[PDB]
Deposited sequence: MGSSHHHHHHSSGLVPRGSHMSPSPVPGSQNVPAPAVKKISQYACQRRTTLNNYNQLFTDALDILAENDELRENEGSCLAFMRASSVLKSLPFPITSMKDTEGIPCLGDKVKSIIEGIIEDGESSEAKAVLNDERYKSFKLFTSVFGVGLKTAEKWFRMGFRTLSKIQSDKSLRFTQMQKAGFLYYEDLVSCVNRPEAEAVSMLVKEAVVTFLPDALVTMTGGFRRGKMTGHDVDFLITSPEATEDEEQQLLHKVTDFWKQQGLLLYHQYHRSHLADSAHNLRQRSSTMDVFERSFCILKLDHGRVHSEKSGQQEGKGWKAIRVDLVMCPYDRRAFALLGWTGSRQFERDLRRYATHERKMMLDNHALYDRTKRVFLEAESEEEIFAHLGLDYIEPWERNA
């Protein structure tokens, strides 16, 4: 059984035997991202992903034999960890002022690479200096980011994700009683924590106007209930989906929210102000596209990249979050399940908890 270069042909659980190596590769990948060296970034992400799939810890360079996605640079990183138990390259990145600033500034919701670079070239290094600066101007998203900073850096746990799921279902069924609400993202893959809580909403009987209006009704409901702290709508691009017939362009309508989650709704083993701000991502898809949407929104991000790369390079197929197109047969392939999509691709089925690539 030769290890495939594709994450969609590997089983990746959360039982990682190479966390010393992958933690260092992840820092090195993030450094190339924040510095826009996309090629080097992709090589580090692919190397980290394949080590996450190994059923044993690397203890010598002989263990790397036959493993794909491990270049010369990655190999010297791995060598460095075998000898010392630490990466000199990743340590230098953690000590780098541009990396430290970019990591700290982008940890504010609403702050991307352009705003982070701008603050860094103005000589800013702390969030205290940014927030007290008289001349800086913040976007509405950045203001929410600063207001709810501590709650948002603190990640979401599974008990909080289930409390959000309850509010999502409760909101949705008010307008569409037959709607199916599925928790997607990291939590569907078995993650204990997440940066947000992802959801896919679909209805067997909703009309084009009903499905196109549901997300707007759900946020108005939360605004009326005093639970909406921030929101941003994302219009559907299903009529422009052919952009994916050549990362992916998002095709479904989405509502991104920041929700006020009272402690009393959370059923955990566990104060101050009895509520926490949570990032909630709500995706609405037409019923016949639900299998493609579920596969696309479950992730991981690397698993998605490899599913698409595999479809193109190995099967002359074009996969995106709403469909699968066969370039040879000149037809879209239908699927009512993720299992049917994997079968169409000629891939052994991978469970959501095995998609942690």
Stretches of the deposited sequence lacking C-alpha coordinates, in sequence order, are 1-37, 284-286, 311-314
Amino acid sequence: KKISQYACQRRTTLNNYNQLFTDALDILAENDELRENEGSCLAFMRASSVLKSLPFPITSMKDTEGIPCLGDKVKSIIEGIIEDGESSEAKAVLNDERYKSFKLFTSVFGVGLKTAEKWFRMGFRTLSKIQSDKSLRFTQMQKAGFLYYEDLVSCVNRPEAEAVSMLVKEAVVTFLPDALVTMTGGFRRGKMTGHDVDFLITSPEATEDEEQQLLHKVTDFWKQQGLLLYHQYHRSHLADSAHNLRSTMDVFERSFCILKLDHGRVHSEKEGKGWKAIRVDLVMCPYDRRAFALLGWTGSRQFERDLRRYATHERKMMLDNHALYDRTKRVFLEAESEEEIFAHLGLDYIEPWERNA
From here on, numbers count along this sequence of modelled residues.
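Rigid core here is just the name for the largest C-alpha set that superposes within 1.5 Å across the two forms.
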Could you check whether 32-40 or 300-308 drifts more from the shown form in 9 other deposited structures of this protein, using RMS Cα distance once the core is superposed?
32-40
Establish whether the other compared PDB entries of this protein leave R121 unmodelled at least a third of the time.
no
Does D178 go missing in at least one third of the other entries compared here?
no
272-280 versus 191-199 - greater average Cα B-factor per the deposited record
272-280
So, looking at the entry's B-factor column for Cα atoms, which has the higher mean, 289-297 or 36-44?
36-44
From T126, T184, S165, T207, which pick has the Cα B-factor that tops the rest in the entry?
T207
Among the choices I130, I82, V156, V108, identify the one whose CA B-factor in the record is greatest.
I82
Would you mind checking where the Cα B-factor of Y149 ranks among the modelled residues of its chain, as the lowest, middle or highest third?
lowest
For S49, does the deposited CA B-factor place it in the lowest, middle or highest third of the chain?
lowest
Can you tell me whether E160 has a C-alpha B-factor in the lowest, middle or highest third compared with the other modelled residues of the same chain?
lowest
Could you say whether, by C-alpha temperature factor, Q302 belongs to the lowest, middle or highest third of its chain?
lowest
Relative to the other modelled residues in the chain, which third contains the C-alpha temperature factor of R309: lowest, middle or highest?
lowest
